[PDB]
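Novice: In their complex positions, the first chains:
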Amino acid sequence: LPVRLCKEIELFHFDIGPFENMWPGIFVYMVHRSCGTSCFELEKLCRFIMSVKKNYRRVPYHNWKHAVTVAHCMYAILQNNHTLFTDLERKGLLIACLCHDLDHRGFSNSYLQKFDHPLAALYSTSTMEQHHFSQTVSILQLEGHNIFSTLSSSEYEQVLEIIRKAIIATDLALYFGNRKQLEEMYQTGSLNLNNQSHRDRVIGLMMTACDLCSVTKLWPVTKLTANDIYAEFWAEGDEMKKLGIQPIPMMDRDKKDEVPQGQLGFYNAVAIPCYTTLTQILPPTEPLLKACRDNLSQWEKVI
Amino acid sequence: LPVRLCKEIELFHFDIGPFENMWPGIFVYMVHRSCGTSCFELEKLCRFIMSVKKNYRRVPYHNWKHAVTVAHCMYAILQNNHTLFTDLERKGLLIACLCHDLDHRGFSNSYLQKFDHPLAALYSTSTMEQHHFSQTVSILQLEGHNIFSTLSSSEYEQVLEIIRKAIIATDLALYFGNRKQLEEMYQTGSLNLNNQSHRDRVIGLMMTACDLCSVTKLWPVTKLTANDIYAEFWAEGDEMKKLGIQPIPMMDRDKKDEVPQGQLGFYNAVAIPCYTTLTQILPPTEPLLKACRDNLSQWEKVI
């Protein structure tokens, strides 16, 4: 891998670039360092990644880029807490992040409820996220695609549970309950990473941290990536108006003037608390929280 | 098919949604109700639809969405006049609507004349529309694609004539002559649906009604769909300027300020008269005309 990449890829605020045919190679490098070169047979791994790529749709935000972006943050976190996680947790978490928003259409779980989409019926809650996980299992079941074929039956099942759990946590609606719980448990000292239940919740926050990691990049990246996600939200807002429903101001394109305020409110109520709590639990994740604040100050500089 | 769809799909102002991989299933449902489950062998029908889909290009307006939209209106009209049409007319009209603007490039017959396109030479008048029909026959001749293989030789030929005739009527230039003729014939009581010549002209107006049915949707749908068609017209206007020709204000992107007036003039001169005459001939088609007027009032509310 090129010289500037090797150096900067260890940084939290890294951007993966505009060259799509490098991302597969970038991801493999992250796996070969955090996990190891023995972890996965390489032939099977590329085959897997190509298929995951194939099943990300060409939407503005929730796309193959995001997937690899989200995965890299998880790599940074893994590299700065190398002593904390097992072989199977490092294997399963990078993979989870890559598959975490598979076959996403660019519509929230809200919109899939009110459209009466077949997926809403099949999955009552966390619609897209269970889909994302089902897609993941489908891709694993293709021939030459079981990247976990070295594993024993016992180990295979645990890593699927990690991945299953992790992906679900990316449902932003479950983050709030999960953080408030971790906040309590840190302050009272009851939080303990040898307790599998506690361990799950931290990983959950880790996944939320990564899912939002566009707010921990440099300002030019954070501001341009904002255009992508509004492209999706305004589209979903247009489809709400088609249903006759009034969409919330976050998705109404006729309220671009209220964007600065919304970003302000979103950092205060969600982004900052996320990285605040994450830093407490994993001190080496400070840069995410710092970079987050820098972008919060820039949203103020607008208004 | 999902609960909200079953209910609302019987409504004229229905929108088919942003999910492409439902449209095939929606269309089949419309066929299985208006026509019947025996009408078409299902294996052959999907194969047919997939190929029709494949031959719609990715243009802003005249696309796979429009095709299915236009087809649904025809279904609503069929369902509210179930007693008027034969087996072969219901078979052939939904199919015609789906294929009616096949392989459309997003350029009018006007622009294909002045570019000296090979299609202009091959079809002097109604260039795109004969193309649309030729495309349709090509798709029917593929193996496993003759959805009319149950039919006798006699019946097959008639349904092709229905489809041939119907598609041609979508040429907006032929609508004016066809309406004025139907207006006369209704008022003087000479109009008679047992006269095959009269029958053809009504179907013609039905196809024009469906081709324009974006003006009979709810206001948010009608207004956003407007953006799509101007995307095409302004592109064609750009290609005129490339030829050195001055394009008409409908296609000049430098005259966005004249859009409200143009829509006003278009409803008065074309859209309203179309649905006015259609209501007289088929009373159950009132909702289209009402919805049309509601959108006319909204264009006034602008200026």
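Specialist: Yep, it's here. Numbers count the residues shown, from 1 in each chain, chains lettered A, B, ... in the order given.
Novice: check contacts around the residue in the stretch 1-150 of chain A that chain B sits nearest to.
Specialist: The minimum distance from the stretch 1-150 of chain A to chain B, using CB to the nearest CB, falls at residue A:116 (3.6 Å). All C-beta spots, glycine's among them, are computed from the backbone N, C-alpha and C. Counting by CB atoms under 8 Å, 6 or more residues apart in numbering or on different chains, residue A:116 makes contact with B:2-5.
Novice: among those residues, which ones are buried?
Specialist: residue B:5 (16 or more other CB atoms under 10 Å in any protein chain shown).
Novice: quick one: contacts for residue A:60?
Specialist: A:106, A:228-229, A:231-232, A:235.
Novice: switch the cut-off to 10 Å
Specialist: Taking CB atoms under 10 Å, 6 or more residues apart in numbering or on different chains, we find residue A:60 in contact with A:66, A:106, A:225, A:227-235.
Novice: Likewise for residue A:82?
Specialist: Residue A:82 is in contact with A:33-34, A:90, A:284, counting by CB under 10 Å, 6+ apart.
Novice: what about 8 Å?
Specialist: Residue A:82 makes contact with residue A:34, according to CB under 8 Å, 6+ apart.
Novice: Also residue A:8?
Specialist: So residue A:8 contacts residue A:14 (CB under 8 Å, 6+ apart).
Novice: how close does it sit to residue A:224?
Specialist: To residue A:224, residue A:8 is 18 Å away according to CB to CB, to the nearest Å.
Novice: got it, and residue A:146?
Specialist: Residue A:146 is 38 Å from residue A:224, by CB to CB.
Novice: Just want to know which of these two has more residues nearby.
Specialist: When residue A:146 and residue A:224 are compared on other CB atoms under 10 Å in any protein chain shown, the one with more neighbours turns out to be residue A:146, at 16 against 12.
Novice: which one is that one nearest to, not counting chain neighbours?
Specialist: residue A:140 (5.7 Å; CB to CB, 6 or more residues apart in numbering or on different chains).
Novice: how many neighbours does the one you found have?
Specialist: Count around residue A:140 with other CB under 10 Å applied: 19.
Novice: distance of the residue most central in space within chain A from residue A:92?
Specialist: For chain A, the residue sitting closest to the mean C-alpha position, by CA atoms, centre = their mean, is residue A:211 at 2.8 Å. Distance, residue A:211 to residue A:92, by CB to CB: 16 Å.
Novice: ok, now residue A:13?
Specialist: 25 Å.
Novice: Those two - which one has more neighbours?
Specialist: A direct count of neighbours by other CB under 10 Å for residue A:13 and residue A:92 places residue A:92 higher, at 24 against 19.
Novice: residues of stretch A:19-36 that come out buried?
Specialist: Applying 16+ other CB under 10 Å to stretch A:19-36 flags A:22-24, A:26-35 as buried.
Novice: In strands, which of these fall?
Specialist: With DSSP state E as the criterion, strands contain none of the buried residues of stretch A:19-36.
Novice: Please tabulate those in TSV, including the columns distance to chain B.
Specialist: Putting the buried residues of stretch A:19-36 into TSV (distance: CB to the nearest CB, whole Å) gives the following:
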residue	distance to chain B
A:22	27
A:23	25
A:24	26
A:26	30
A:27	28
A:28	32
A:29	35
A:30	33
A:31	32
A:32	37
A:33	39
A:34	37
A:35	36
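Novice: which one among these gets closest to residue B:270?
Specialist: Residue B:270 lies nearest to residue A:23 out of the buried residues of stretch A:19-36, by CB to CB, at 50.4 Å.
Novice: wait, isn't that closest one in contact with residue A:69?
Specialist: No - if you go by CB atoms under 8 Å, residue A:23 and residue A:69 don't touch, sitting 9.2 Å apart.
Novice: Identify the contacts common to the two.
Specialist: Shared contacts of residue A:23 and residue A:69, defined by CB under 8 Å, 6+ apart, comprise residue A:16.
Novice: circling back: show me the buried residues of stretch A:19-36 that map onto helices.
Specialist: The members of the buried residues of stretch A:19-36 that map onto helices under DSSP state H are A:23-24, A:26-34.
Novice: let's put chain C on the structure above:
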Amino acid sequence: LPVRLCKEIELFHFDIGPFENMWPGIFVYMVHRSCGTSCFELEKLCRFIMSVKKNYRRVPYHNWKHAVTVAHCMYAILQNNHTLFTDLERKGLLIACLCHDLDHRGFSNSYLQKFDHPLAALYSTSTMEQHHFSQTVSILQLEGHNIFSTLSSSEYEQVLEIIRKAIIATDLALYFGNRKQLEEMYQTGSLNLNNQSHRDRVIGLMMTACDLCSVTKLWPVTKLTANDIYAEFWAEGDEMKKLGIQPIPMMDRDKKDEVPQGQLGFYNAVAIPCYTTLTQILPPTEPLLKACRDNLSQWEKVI
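Specialist: One more piece, chain C, placed on the ones above:
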């Protein structure tokens, strides 16, 4: 080929139209006139073109359209100086123009340097242009794709050198040195087209003339094509800001107000001198220089 095309395709300011599936046929016509019908076996030639088409990416400016546009200018120049070039130079120059910006991503050699892209390492200078040529050889080596299989070993090698040389000259950074040299040599009468070294440099200027030939079209074409290239530059400018680097005002989308001035400065410093020197050396290329000036006056009419 259609009547209006036959006529206008001999004109310098010709536009190739918005119909992609004609461009292959247009290009073959240009080859069959300037070069001849014996030059290339037709089966192999289409196969070649389809593959070249396949390897142009869907970027705003540097795309399959540009390639065919650039190639046509070269055809006009060839047709108005028919007595000056050999069989192998006519074969090789149209082909070179079609392949000249193969697999272009829409990023300059500047951006590929600062991203530390693998191509920057492989080709120190003229990064994209050597790539373009390598792509060309790759496409020639496919089975049924050696359009130069009639040629003797001797002739094949020379035409590859013509193509190699020509493509490299499209690197705008090498144009300045090449023009200043030709300017001197014309005025002092030392310039001589029987001297292979001099011959190369003229061809170089010819390729630069063609690469920029969007400035020698009619004004509506020149002005709209401008939107395409800024789409690319502003994207590259966005990727610079992502790297933390400040991009030059040509690529900063926040400076759209400085576009008129930039186009002004670009015509004076590059475009006009190019066609000025080209006219001196090949008098029949006057129309390019005239059309160029007309577009320079229109940029003044803005400010």
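Novice: The contacts of residue A:60 again please, this time with chain C.
Specialist: A:106, A:228-229, A:231-232, A:235.
Novice: In space, what's closest to it - neighbours in sequence excluded?
Specialist: That would be residue A:231: by CB to CB, 6+ apart, it lies 3.8 Å from residue A:60.
Novice: Kindly report the same for residue A:65.
Specialist: Leaving aside its sequence neighbours, residue A:65 sits nearest to residue A:16 (CB to CB, 6+ apart; 6.9 Å).
Novice: Could you tell me which residues of the stretch 201-303 of chain A lie near chain C?
Specialist: Residues of the stretch 201-303 of chain A lying close to chain C (CB under 8 Å from any CB of the partner chain) are A:218, A:220-221, A:224.
Novice: What about the spatially closest residue to residue A:36 that is not a sequence neighbour, how many residues nearby?
Specialist: The shortest distance from residue A:36 to any non-neighbouring residue, by CB to CB, 6+ apart, is to residue A:87 (7.9 Å). Counted with other CB under 10 Å, residues neighbouring residue A:87 total 14.
Novice: same question, residue A:16
Specialist: Counted with other CB under 10 Å, residue A:16 comes out at 19.
Novice: Quick check: it touching residue A:27?
Specialist: No - with contact defined as CB under 8 Å, residue A:16 does not reach residue A:27; the gap is 9.0 Å.
Novice: Need the residues touching each of these two.
Specialist: In contact with both residue A:16 and residue A:27: residue A:68, using CB under 8 Å, 6+ apart.
Novice: So which residues on the stretch 51-200 of chain A come close to chain B?
Specialist: Contacts of the stretch 51-200 of chain A with chain B, taken as CB under 8 Å from any CB, map to A:105, A:107, A:115-118, A:121.
Novice: residue contacts, residue A:296?
Specialist: Contacts of residue A:296 by CB under 8 Å, 6+ apart are A:264, A:267-268, A:271-272.
Novice: Please list the outside residues in contact with stretch A:210-217.
Specialist: So stretch A:210-217 is contacted by A:12-13, A:15, A:69-71, A:73-74, A:77, A:97, A:100, A:170, A:172, A:221-222, A:225-226, A:229, A:267, A:270-271, A:274-275, A:287-289, A:291-292, A:295 (CB under 8 Å, 6+ apart).
Novice: and these, which are buried?
Specialist: Neighbour counting over the contacts of stretch A:210-217 (16+ other CB under 10 Å) leaves A:12-13, A:15, A:69-71, A:73-74, A:77, A:97, A:100, A:170, A:221-222, A:225-226, A:229, A:267, A:270-271, A:274-275, A:287-289, A:291-292, A:295 as the buried ones.
Novice: mind listing the helices for the stretch 201-303 of chain A?
Specialist: Taking DSSP state H, counting those that start in this stretch to define them, one finds helices in the stretch 201-303 of chain A at A:219-242, A:259-266, A:272-281, A:286-302.
Novice: which residues touch the nearest residue to residue A:223 once chain neighbours are set aside?
Specialist: Spatial nearest neighbour of residue A:223, excluding adjacent residues (CB to CB, 6+ apart): residue A:298 at 7.6 Å. Residues in contact with residue A:298 (CB under 8 Å, 6+ apart) are A:219, A:222-223.
Novice: could these go into a markdown table alongside distance to residue B:239?
Specialist: Conversion of those to a markdown table gives the following (distance: CB to CB, whole Å):
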| residue | distance to residue B:239 |
| --- | --- |
| A:219 | 40 |
| A:222 | 39 |
| A:223 | 35 |
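Novice: Can you tell me the element the residue lying closest to residue A:273 once chain neighbours are set aside falls in?
Specialist: Once flanking residues are discounted, residue A:273 sits nearest to residue A:179: 6.3 Å by CB to CB, 6+ apart. Assigned by DSSP states H and E, residue A:179 belongs to helix A:172-187.
Novice: where does residue A:84 land in three-state SS?
Specialist: Secondary structure, DSSP: H, G, I helix; E, B strand; the rest coil: residue A:84 is coil.
Novice: which ones are touching it?
Specialist: A:193, A:282.
Novice: With the one 5 residues further on instead?
Specialist: The contact partners of residue A:89, by CB under 8 Å, 6+ apart, come to A:162, A:203.
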